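So this one's my_file.txt, compact mmCIF, C-alpha atoms:
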```txt
# COMPACT_ATOMS: atom_id res chain seq x y z
CA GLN B 38 136.72 -75.39 -168.36
CA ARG B 39 139.47 -74.00 -170.62
CA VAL B 40 139.56 -70.34 -171.62
CA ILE B 41 140.97 -69.52 -175.05
CA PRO B 42 142.52 -66.07 -175.53
CA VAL B 43 141.82 -64.50 -178.93
CA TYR B 44 144.12 -61.71 -180.13
CA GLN B 45 143.52 -58.60 -182.24
CA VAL B 46 146.05 -57.21 -184.72
CA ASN B 47 146.15 -54.69 -187.57
CA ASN B 48 148.02 -56.97 -189.97
CA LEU B 49 146.53 -60.48 -189.82
CA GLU B 50 147.93 -61.88 -193.10
CA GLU B 51 151.51 -61.61 -191.77
CA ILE B 52 150.63 -63.34 -188.49
CA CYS B 53 148.82 -66.01 -190.51
CA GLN B 54 151.66 -66.66 -192.98
CA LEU B 55 154.08 -66.71 -190.05
CA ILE B 56 151.83 -69.33 -188.39
CA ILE B 57 151.68 -71.35 -191.63
CA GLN B 58 155.49 -71.23 -191.68
CA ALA B 59 155.62 -72.33 -188.03
CA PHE B 60 153.41 -75.33 -188.82
CA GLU B 61 155.54 -76.03 -191.92
CA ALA B 62 158.52 -76.08 -189.53
CA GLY B 63 156.39 -78.34 -187.34
CA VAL B 64 156.31 -76.48 -184.04
CA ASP B 65 154.38 -78.08 -181.21
CA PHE B 66 151.98 -75.38 -180.07
CA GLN B 67 149.87 -76.45 -177.08
CA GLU B 68 147.82 -73.66 -175.56
CA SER B 69 148.03 -71.02 -178.32
CA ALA B 70 147.27 -73.43 -181.17
CA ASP B 71 143.62 -72.61 -180.52
CA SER B 72 144.33 -68.86 -180.80
CA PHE B 73 146.38 -69.18 -183.99
CA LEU B 74 143.88 -71.50 -185.65
CA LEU B 75 141.29 -68.96 -184.48
CA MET B 76 143.27 -66.31 -186.36
CA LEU B 77 143.56 -68.45 -189.52
CA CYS B 78 139.86 -69.24 -189.41
CA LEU B 79 139.06 -65.56 -188.76
CA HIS B 80 141.19 -64.36 -191.65
CA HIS B 81 139.90 -66.96 -194.11
CA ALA B 82 136.26 -67.50 -193.15
CA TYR B 83 135.24 -64.34 -191.28
CA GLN B 84 137.46 -61.87 -193.16
CA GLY B 85 138.96 -60.55 -189.90
CA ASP B 86 135.56 -59.28 -188.69
CA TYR B 87 135.90 -59.95 -184.97
CA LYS B 88 132.34 -58.77 -184.23
CA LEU B 89 130.87 -60.87 -187.06
CA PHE B 90 133.00 -63.83 -185.98
CA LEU B 91 132.07 -63.56 -182.29
CA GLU B 92 128.39 -63.11 -183.23
CA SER B 93 128.39 -66.09 -185.67
CA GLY B 94 126.83 -69.43 -184.67
CA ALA B 95 129.97 -71.53 -184.19
CA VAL B 96 131.28 -69.22 -181.47
CA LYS B 97 127.92 -69.20 -179.67
CA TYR B 98 127.68 -72.99 -179.85
CA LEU B 99 131.24 -73.39 -178.56
CA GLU B 100 130.68 -70.87 -175.75
CA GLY B 101 127.51 -72.86 -175.01
CA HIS B 102 129.58 -76.07 -175.02
CA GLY B 103 132.25 -74.77 -172.61
CA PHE B 104 135.41 -73.42 -174.23
CA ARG B 105 135.02 -69.64 -173.76
CA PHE B 106 136.98 -66.76 -175.33
CA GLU B 107 138.38 -63.32 -174.49
CA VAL B 108 139.74 -60.48 -176.65
CA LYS B 109 143.34 -59.24 -176.36
CA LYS B 110 144.37 -56.14 -178.32
CA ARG B 111 147.92 -56.38 -179.70
CA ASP B 112 148.36 -53.99 -182.63
CA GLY B 113 152.16 -53.61 -182.72
CA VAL B 114 153.49 -57.06 -183.63
CA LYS B 115 155.87 -58.31 -186.34
CA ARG B 116 157.39 -61.58 -185.10
CA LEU B 117 155.35 -64.47 -183.61
CA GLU B 118 157.49 -65.20 -180.53
CA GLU B 119 156.07 -62.10 -178.80
CA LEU B 120 152.46 -63.36 -178.85
CA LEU B 121 153.16 -66.45 -176.75
CA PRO B 122 153.99 -65.32 -173.21
CA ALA B 123 152.63 -68.16 -171.07
CA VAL B 124 155.51 -70.03 -169.64
CA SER B 125 154.86 -73.82 -170.02
CA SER B 126 157.24 -75.06 -172.85
CA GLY B 127 157.61 -71.53 -174.24
CA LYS B 128 161.40 -71.41 -174.26
CA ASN B 129 161.47 -74.79 -176.05
CA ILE B 130 158.87 -73.73 -178.60
CA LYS B 131 160.74 -70.41 -178.92
CA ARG B 132 163.97 -72.25 -179.59
CA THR B 133 162.05 -73.96 -182.36
CA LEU B 134 160.84 -70.59 -183.75
CA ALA B 135 164.24 -68.89 -183.56
CA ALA B 136 165.61 -72.02 -185.25
CA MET B 137 163.45 -71.31 -188.34
CA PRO B 138 165.03 -69.65 -191.40
CA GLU B 139 163.50 -66.20 -192.00
CA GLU B 140 164.69 -66.25 -195.65
CA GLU B 141 162.31 -68.59 -197.48
CA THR B 142 158.52 -68.32 -197.74
CA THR B 143 155.92 -70.64 -199.27
CA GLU B 144 153.06 -69.29 -201.37
CA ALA B 145 150.15 -70.52 -199.24
CA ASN B 146 147.41 -68.65 -197.34
CA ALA B 147 145.06 -69.70 -194.51
CA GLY B 148 142.42 -71.15 -196.85
CA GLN B 149 144.93 -73.52 -198.40
CA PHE B 150 146.15 -74.71 -194.97
CA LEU B 151 142.56 -75.11 -193.78
CA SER B 152 141.49 -77.03 -196.88
CA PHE B 153 144.62 -79.16 -196.56
CA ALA B 154 143.56 -79.80 -192.96
CA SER B 155 139.99 -80.53 -194.10
CA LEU B 156 141.39 -83.22 -196.42
CA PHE B 157 142.27 -85.21 -193.26
CA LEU B 158 138.77 -85.25 -191.76
CA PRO B 159 136.88 -88.12 -193.47
CA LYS B 160 139.19 -91.04 -192.60
CA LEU B 161 140.91 -89.23 -189.69
CA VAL B 162 139.28 -91.26 -186.94
CA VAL B 163 140.03 -94.60 -188.67
CA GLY B 164 143.83 -94.88 -188.67
CA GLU B 165 146.89 -92.71 -189.31
CA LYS B 166 147.95 -94.69 -192.41
CA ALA B 167 144.42 -94.91 -193.82
CA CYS B 168 143.84 -91.20 -193.24
CA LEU B 169 147.15 -90.25 -194.84
CA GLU B 170 146.55 -92.52 -197.83
CA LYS B 171 143.08 -91.02 -198.16
CA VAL B 172 144.55 -87.51 -198.01
CA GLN B 173 147.12 -88.39 -200.67
CA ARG B 174 144.57 -89.97 -203.02
CA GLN B 175 142.18 -87.03 -202.51
CA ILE B 176 145.00 -84.57 -203.30
CA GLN B 177 145.83 -86.59 -206.42
CA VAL B 178 142.11 -86.51 -207.32
CA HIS B 179 141.87 -82.73 -206.67
CA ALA B 180 144.99 -82.15 -208.79
CA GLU B 181 143.53 -84.47 -211.44
CA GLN B 182 140.35 -82.35 -211.27
CA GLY B 183 142.48 -79.21 -211.35
CA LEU B 184 140.52 -77.92 -208.36
CA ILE B 185 143.64 -76.94 -206.39
CA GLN B 186 147.44 -77.23 -206.39
CA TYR B 187 148.98 -77.79 -202.95
CA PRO B 188 152.63 -77.05 -202.10
CA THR B 189 154.84 -80.11 -202.72
CA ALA B 190 156.50 -79.24 -199.40
CA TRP B 191 153.26 -80.17 -197.58
CA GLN B 192 152.90 -83.55 -199.32
CA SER B 193 155.86 -84.76 -197.22
CA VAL B 194 154.97 -87.61 -194.87
CA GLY B 195 156.27 -86.02 -191.66
CA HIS B 196 154.24 -82.88 -192.36
CA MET B 197 151.08 -84.90 -192.93
CA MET B 198 151.79 -86.80 -189.70
CA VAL B 199 152.25 -83.51 -187.79
CA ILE B 200 149.07 -81.99 -189.20
CA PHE B 201 147.32 -85.31 -188.55
CA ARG B 202 148.51 -85.26 -184.95
CA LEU B 203 147.27 -81.67 -184.70
CA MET B 204 143.84 -82.57 -186.10
CA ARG B 205 143.58 -85.61 -183.83
CA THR B 206 144.66 -83.71 -180.70
CA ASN B 207 142.74 -80.46 -181.32
CA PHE B 208 138.95 -80.06 -181.36
CA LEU B 209 138.33 -76.42 -182.22
CA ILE B 210 139.95 -76.63 -185.66
CA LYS B 211 137.79 -79.61 -186.57
CA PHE B 212 134.65 -77.96 -185.20
CA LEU B 213 135.31 -74.80 -187.23
CA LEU B 214 136.36 -76.68 -190.37
CA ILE B 215 133.22 -78.79 -190.29
CA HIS B 216 131.04 -75.82 -189.24
CA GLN B 217 132.28 -73.94 -192.30
CA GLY B 218 131.89 -77.08 -194.43
CA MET B 219 128.22 -77.59 -193.52
CA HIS B 220 126.61 -74.53 -191.92
CA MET B 221 127.97 -71.38 -193.60
CA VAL B 222 128.62 -72.71 -197.11
CA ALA B 223 128.53 -69.47 -199.13
CA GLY B 224 131.20 -67.88 -201.36
CA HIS B 225 132.81 -68.75 -204.70
CA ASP B 226 136.23 -69.81 -203.36
CA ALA B 227 137.95 -73.13 -204.20
CA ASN B 228 139.29 -73.80 -200.69
CA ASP B 229 135.75 -73.42 -199.34
CA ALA B 230 134.55 -75.97 -201.92
CA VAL B 231 137.35 -78.40 -200.96
CA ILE B 232 136.49 -77.95 -197.29
CA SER B 233 132.76 -78.40 -197.95
CA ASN B 234 133.54 -81.49 -200.05
CA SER B 235 135.84 -83.05 -197.43
CA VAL B 236 133.35 -82.28 -194.64
CA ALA B 237 130.51 -83.70 -196.75
CA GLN B 238 132.69 -86.80 -197.21
CA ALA B 239 133.30 -87.00 -193.44
CA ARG B 240 129.59 -87.47 -192.55
CA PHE B 241 129.08 -90.47 -190.22
CA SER B 242 132.81 -91.29 -190.22
CA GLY B 243 133.14 -94.08 -187.66
CA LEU B 244 129.39 -94.89 -187.43
CA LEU B 245 128.66 -96.45 -190.85
CA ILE B 246 128.44 -99.95 -189.35
CA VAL B 247 125.97 -98.94 -186.65
CA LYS B 248 124.07 -96.90 -189.21
CA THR B 249 123.73 -99.90 -191.57
CA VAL B 250 122.76 -102.23 -188.73
CA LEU B 251 120.02 -99.73 -187.96
CA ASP B 252 119.08 -99.66 -191.66
CA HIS B 253 118.57 -103.44 -191.38
CA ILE B 254 116.71 -103.25 -188.04
CA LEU B 255 114.30 -100.94 -189.85
CA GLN B 256 111.73 -102.29 -192.32
CA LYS B 257 109.93 -100.65 -195.25
CA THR B 258 106.24 -101.42 -195.74
CA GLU B 259 103.04 -100.20 -197.42
CA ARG B 260 102.31 -98.32 -194.17
CA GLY B 261 105.61 -96.41 -194.25
CA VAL B 262 108.68 -97.60 -192.35
CA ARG B 263 108.60 -99.53 -189.08
CA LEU B 264 110.90 -101.22 -186.60
CA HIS B 265 111.51 -104.81 -187.66
CA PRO B 266 109.26 -107.26 -185.78
CA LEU B 267 112.19 -109.52 -184.84
CA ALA B 268 113.71 -106.60 -182.91
CA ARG B 269 110.43 -106.24 -180.98
CA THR B 270 111.09 -109.78 -179.65
CA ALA B 271 111.13 -110.14 -175.88
CA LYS B 272 114.70 -111.31 -175.18
CA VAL B 273 116.23 -108.33 -177.06
CA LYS B 274 113.97 -105.75 -175.40
CA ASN B 275 116.62 -104.38 -172.98
CA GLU B 276 119.17 -104.16 -175.81
CA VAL B 277 116.61 -102.35 -177.97
CA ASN B 278 115.86 -99.95 -175.11
CA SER B 279 119.51 -99.17 -174.38
CA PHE B 280 119.99 -98.77 -178.14
CA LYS B 281 117.02 -96.40 -178.37
CA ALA B 282 118.40 -94.38 -175.47
CA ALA B 283 121.86 -94.28 -177.06
CA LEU B 284 120.40 -93.22 -180.39
CA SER B 285 118.42 -90.47 -178.66
CA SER B 286 121.48 -89.27 -176.74
CA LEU B 287 123.19 -89.10 -180.15
CA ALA B 288 120.25 -87.54 -181.98
CA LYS B 289 120.03 -84.72 -179.43
CA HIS B 290 123.30 -83.41 -180.99
CA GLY B 291 121.35 -82.29 -184.09
CA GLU B 292 123.05 -81.40 -187.38
CA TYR B 293 126.47 -82.25 -185.92
CA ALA B 294 125.38 -85.84 -185.14
CA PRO B 295 127.08 -87.31 -188.25
CA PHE B 296 130.34 -85.82 -186.94
CA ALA B 297 129.81 -87.17 -183.42
CA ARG B 298 132.68 -89.65 -183.57
CA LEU B 299 135.17 -87.19 -185.09
CA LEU B 300 134.31 -84.55 -182.50
CA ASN B 301 133.84 -87.26 -179.88
CA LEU B 302 130.58 -85.88 -178.53
CA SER B 303 128.85 -87.06 -175.34
CA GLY B 304 126.69 -90.08 -176.21
CA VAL B 305 128.75 -91.28 -179.19
CA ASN B 306 130.78 -93.72 -177.07
CA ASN B 307 127.64 -95.75 -176.37
CA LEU B 308 127.07 -96.65 -180.06
CA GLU B 309 129.28 -99.50 -181.26
CA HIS B 310 127.98 -102.67 -182.93
CA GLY B 311 129.79 -104.78 -180.31
CA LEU B 312 127.60 -103.19 -177.63
CA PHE B 313 124.54 -104.52 -179.48
CA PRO B 314 125.30 -108.16 -180.36
CA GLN B 315 121.75 -109.51 -180.62
CA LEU B 316 120.65 -106.60 -182.81
CA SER B 317 123.80 -106.79 -184.89
CA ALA B 318 123.22 -110.52 -185.34
CA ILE B 319 119.58 -110.03 -186.30
CA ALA B 320 120.51 -107.31 -188.79
CA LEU B 321 123.16 -109.53 -190.32
CA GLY B 322 120.60 -112.34 -190.46
CA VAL B 323 118.11 -110.16 -192.29
CA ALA B 324 120.82 -108.96 -194.66
CA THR B 325 121.96 -112.51 -195.36
CA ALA B 326 118.34 -113.59 -195.88
CA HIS B 327 117.84 -110.79 -198.40
CA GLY B 328 121.09 -111.80 -200.10
CA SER B 329 123.43 -108.91 -199.31
CA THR B 330 126.02 -109.20 -196.53
CA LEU B 331 126.75 -106.63 -193.85
CA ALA B 332 130.24 -105.13 -193.53
CA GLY B 333 132.29 -104.87 -190.33
CA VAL B 334 130.02 -107.02 -188.17
CA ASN B 335 131.81 -110.05 -186.75
CA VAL B 336 129.14 -112.06 -184.93
CA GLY B 337 129.51 -114.00 -181.68
CA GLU B 338 129.49 -117.78 -181.76
CA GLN B 339 126.57 -117.83 -179.25
CA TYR B 340 124.72 -115.44 -181.57
CA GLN B 341 125.46 -117.48 -184.71
CA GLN B 342 122.37 -119.48 -183.73
CA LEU B 343 120.33 -116.28 -183.40
CA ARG B 344 121.46 -114.86 -186.75
CA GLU B 345 120.97 -118.24 -188.41
CA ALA B 346 117.38 -118.24 -187.12
CA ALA B 347 116.76 -114.60 -188.03
CA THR B 348 117.69 -115.41 -191.63
CA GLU B 349 115.02 -118.12 -191.77
CA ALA B 350 112.53 -115.90 -190.01
CA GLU B 351 113.09 -113.05 -192.46
CA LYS B 352 112.82 -115.45 -195.39
CA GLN B 353 109.50 -116.77 -194.03
CA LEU B 354 108.31 -113.19 -193.54
CA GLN B 355 109.28 -112.44 -197.12
CA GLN B 356 107.45 -115.49 -198.41
CA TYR B 357 104.33 -114.73 -196.36
CA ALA B 358 104.23 -111.22 -197.79
CA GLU B 359 103.69 -112.65 -201.31
CA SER B 360 100.37 -114.33 -200.50
CA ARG B 361 99.17 -111.14 -198.81
CA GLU B 362 100.20 -109.25 -201.95
CA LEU B 363 98.22 -111.59 -204.19
CA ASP B 364 95.09 -110.88 -202.17
CA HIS B 365 95.32 -107.19 -203.03
CA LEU B 366 95.40 -107.49 -206.85
CA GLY B 367 92.31 -108.88 -208.60
CA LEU B 368 91.65 -112.45 -209.29
CA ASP B 369 89.79 -115.72 -208.72
CA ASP B 370 90.19 -117.74 -205.51
CA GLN B 371 91.48 -120.74 -207.48
CA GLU B 372 93.88 -118.49 -209.39
CA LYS B 373 95.18 -117.20 -206.04
CA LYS B 374 95.47 -120.78 -204.80
CA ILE B 375 97.45 -121.81 -207.90
CA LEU B 376 99.66 -118.74 -207.62
CA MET B 377 100.43 -119.46 -203.94
CA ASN B 378 101.03 -123.06 -204.97
CA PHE B 379 103.50 -121.63 -207.51
CA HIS B 380 105.17 -119.61 -204.73
CA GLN B 381 105.53 -122.73 -202.61
CA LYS B 382 106.82 -124.56 -205.71
CA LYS B 383 109.41 -121.93 -206.64
CA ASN B 384 110.44 -121.51 -202.98
CA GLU B 385 110.67 -125.31 -202.70
CA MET O 20 107.15 -105.71 -200.87
CA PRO O 21 108.60 -105.30 -197.34
CA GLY O 22 112.39 -105.07 -196.99
CA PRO O 23 115.13 -103.31 -195.01
CA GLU O 24 115.56 -99.61 -195.77
CA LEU O 25 118.91 -99.80 -197.55
CA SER O 26 118.80 -96.15 -198.68
CA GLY O 27 119.95 -94.94 -195.23
CA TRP O 28 117.67 -91.90 -195.49
CA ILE O 29 115.68 -92.84 -192.37
CA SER O 30 118.72 -93.92 -190.36
CA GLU O 31 120.22 -90.55 -191.26
CA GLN O 32 116.99 -88.77 -190.23
CA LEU O 33 116.93 -90.54 -186.86
CA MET O 34 120.63 -90.03 -186.15
CA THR O 35 120.35 -86.37 -187.16
CA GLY O 36 117.23 -86.05 -185.03
CA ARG O 37 115.10 -84.89 -187.97
CA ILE O 38 112.84 -87.79 -186.97
CA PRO O 39 112.43 -88.55 -183.25
CA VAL O 40 113.55 -92.11 -182.54
CA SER O 41 110.36 -92.74 -180.58
CA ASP O 42 108.34 -92.27 -183.81
CA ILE O 43 109.82 -95.65 -184.82
CA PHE O 44 110.65 -97.14 -181.43
CA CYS O 45 107.18 -97.70 -179.93
CA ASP O 46 106.63 -100.30 -177.23
CA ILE O 47 102.84 -99.57 -177.06
```

Translate the structure of the given file into structure tokens.
Amino acid sequence: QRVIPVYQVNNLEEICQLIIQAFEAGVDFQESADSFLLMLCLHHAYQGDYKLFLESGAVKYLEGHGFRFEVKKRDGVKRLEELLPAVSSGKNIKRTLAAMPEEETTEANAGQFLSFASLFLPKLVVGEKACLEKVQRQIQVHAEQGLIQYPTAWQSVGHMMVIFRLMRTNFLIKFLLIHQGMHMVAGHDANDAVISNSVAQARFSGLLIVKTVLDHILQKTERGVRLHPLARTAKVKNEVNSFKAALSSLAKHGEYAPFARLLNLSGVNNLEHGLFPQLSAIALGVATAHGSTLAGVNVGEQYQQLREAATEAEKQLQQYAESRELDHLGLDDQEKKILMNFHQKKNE
Amino acid sequence: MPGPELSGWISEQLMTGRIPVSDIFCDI
């Protein structure tokens, strides 16, 4: 149960820019990353208000989750190297800090770094290359929009790979980024809008397949929506139950559920299409019967049969509906008969 | 006419927990 020290300083902006520079240099923070990102997030989102920050929801949720904080008052600080005493790889990291040139500085504040980080979120969990490409294209789109101009230093590959590695390895940053993106979405700032946009784009990253399969296992009808009768079949029952359980264990996570795979929450591991072959197959069958095809669902050769049946089933369901529809309208028995005859004719 | 809920809305509701799964998953 890791404890994250949070520091308190008179001048934040300096500490922040000096962190931004350290990340630009590409230092491998390990323990204190959390604290520095905490500072960035404080400065940008919570305006340095430590009370407001510590009272805000995110903190309470995270404390409730497990990673707890503690204040440390350090007013007299200019360089960064002095805020790191915790021995580990500190001399190595220090070498890397001392190695940095103090001369140059890039015009970029927390918000920009945090939005730039946010850019990674959506495709992050897919694959380094995909995520980077996504980031690039989204930057090109944001520059096309004229929503923001990022430093051409950052658009380097290595940098993006470092930040990517950081986002992949660290949780806090993502949790705060997304929390800002969704929960507290006030203010008139651009960075906030970019974050909110990226986070809105990230929703259900890594679950879309499962989600769609579910969409197909569901069924619309005059009496609202219902679970698709096929799925109620006997031989799938256990799979449906385990699925239900999994889906509950996900749902329990509330508003953060769509970001369950990014954050890697508790139950999320138990929801992959491969874990639910029969259901997947059925869903695909239904889809195929309706005409559309379902993405990212390779079906097992034993289940090919199942799917291939499910298609037929769904088609027969669909057909049957028609004659029940006719009934409802207003007509003569013979007219109904002829119409049904016409259904059977058009269908074959 | 009956068909699969392609809009996602409901899936989203269930996965969010805005609708309890059991409201759809009912064995009796």

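Relative to CA of residue 203 in chain B, CA of residue 245 in chain B is found at 24.5 Å.
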
re CA of residue 73 in chain B and CA of residue 43 in chain B: distance 8.3 Å

Find the nearest atom pair between each residue of chain B and chain O for residues within 9 Å, count all atoms listed in the file, give distances in Å to one decimal, sort rows by chain and ascending number, and present the table as JSON lines.
```
{"residue": "B:241", "atom": "CA", "partner": "O:31", "partner_atom": "CA", "distance": 8.9}
{"residue": "B:248", "atom": "CA", "partner": "O:30", "partner_atom": "CA", "distance": 6.2}
{"residue": "B:249", "atom": "CA", "partner": "O:27", "partner_atom": "CA", "distance": 7.2}
{"residue": "B:251", "atom": "CA", "partner": "O:30", "partner_atom": "CA", "distance": 6.4}
{"residue": "B:252", "atom": "CA", "partner": "O:24", "partner_atom": "CA", "distance": 5.4}
{"residue": "B:253", "atom": "CA", "partner": "O:23", "partner_atom": "CA", "distance": 5.0}
{"residue": "B:254", "atom": "CA", "partner": "O:23", "partner_atom": "CA", "distance": 7.1}
{"residue": "B:255", "atom": "CA", "partner": "O:23", "partner_atom": "CA", "distance": 5.7}
{"residue": "B:256", "atom": "CA", "partner": "O:23", "partner_atom": "CA", "distance": 4.5}
{"residue": "B:257", "atom": "CA", "partner": "O:21", "partner_atom": "CA", "distance": 5.3}
{"residue": "B:258", "atom": "CA", "partner": "O:21", "partner_atom": "CA", "distance": 4.8}
{"residue": "B:259", "atom": "CA", "partner": "O:21", "partner_atom": "CA", "distance": 7.5}
{"residue": "B:262", "atom": "CA", "partner": "O:43", "partner_atom": "CA", "distance": 7.9}
{"residue": "B:263", "atom": "CA", "partner": "O:43", "partner_atom": "CA", "distance": 5.9}
{"residue": "B:264", "atom": "CA", "partner": "O:43", "partner_atom": "CA", "distance": 5.9}
{"residue": "B:265", "atom": "CA", "partner": "O:23", "partner_atom": "CA", "distance": 8.3}
{"residue": "B:269", "atom": "CA", "partner": "O:46", "partner_atom": "CA", "distance": 8.0}
{"residue": "B:277", "atom": "CA", "partner": "O:44", "partner_atom": "CA", "distance": 8.6}
{"residue": "B:278", "atom": "CA", "partner": "O:44", "partner_atom": "CA", "distance": 8.7}
{"residue": "B:281", "atom": "CA", "partner": "O:40", "partner_atom": "CA", "distance": 6.9}
{"residue": "B:282", "atom": "CA", "partner": "O:40", "partner_atom": "CA", "distance": 8.9}
{"residue": "B:284", "atom": "CA", "partner": "O:34", "partner_atom": "CA", "distance": 6.6}
{"residue": "B:285", "atom": "CA", "partner": "O:40", "partner_atom": "CA", "distance": 6.4}
{"residue": "B:287", "atom": "CA", "partner": "O:34", "partner_atom": "CA", "distance": 6.6}
{"residue": "B:288", "atom": "CA", "partner": "O:36", "partner_atom": "CA", "distance": 4.5}
{"residue": "B:289", "atom": "CA", "partner": "O:36", "partner_atom": "CA", "distance": 6.4}
{"residue": "B:290", "atom": "CA", "partner": "O:35", "partner_atom": "CA", "distance": 7.5}
{"residue": "B:291", "atom": "CA", "partner": "O:35", "partner_atom": "CA", "distance": 5.2}
{"residue": "B:292", "atom": "CA", "partner": "O:35", "partner_atom": "CA", "distance": 5.7}
{"residue": "B:293", "atom": "CA", "partner": "O:35", "partner_atom": "CA", "distance": 7.5}
{"residue": "B:294", "atom": "CA", "partner": "O:35", "partner_atom": "CA", "distance": 5.4}
{"residue": "B:295", "atom": "CA", "partner": "O:35", "partner_atom": "CA", "distance": 6.9}
{"residue": "B:323", "atom": "CA", "partner": "O:23", "partner_atom": "CA", "distance": 7.9}
{"residue": "B:324", "atom": "CA", "partner": "O:23", "partner_atom": "CA", "distance": 8.0}
{"residue": "B:327", "atom": "CA", "partner": "O:22", "partner_atom": "CA", "distance": 8.0}
{"residue": "B:354", "atom": "CA", "partner": "O:21", "partner_atom": "CA", "distance": 8.8}
{"residue": "B:355", "atom": "CA", "partner": "O:21", "partner_atom": "CA", "distance": 7.2}
{"residue": "B:358", "atom": "CA", "partner": "O:20", "partner_atom": "CA", "distance": 7.0}
{"residue": "B:359", "atom": "CA", "partner": "O:20", "partner_atom": "CA", "distance": 7.8}
{"residue": "B:362", "atom": "CA", "partner": "O:20", "partner_atom": "CA", "distance": 7.9}
```

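In this model, the gap between CA of residue 195 in chain B and CA of residue 300 in chain B comes to 23.8 Å.
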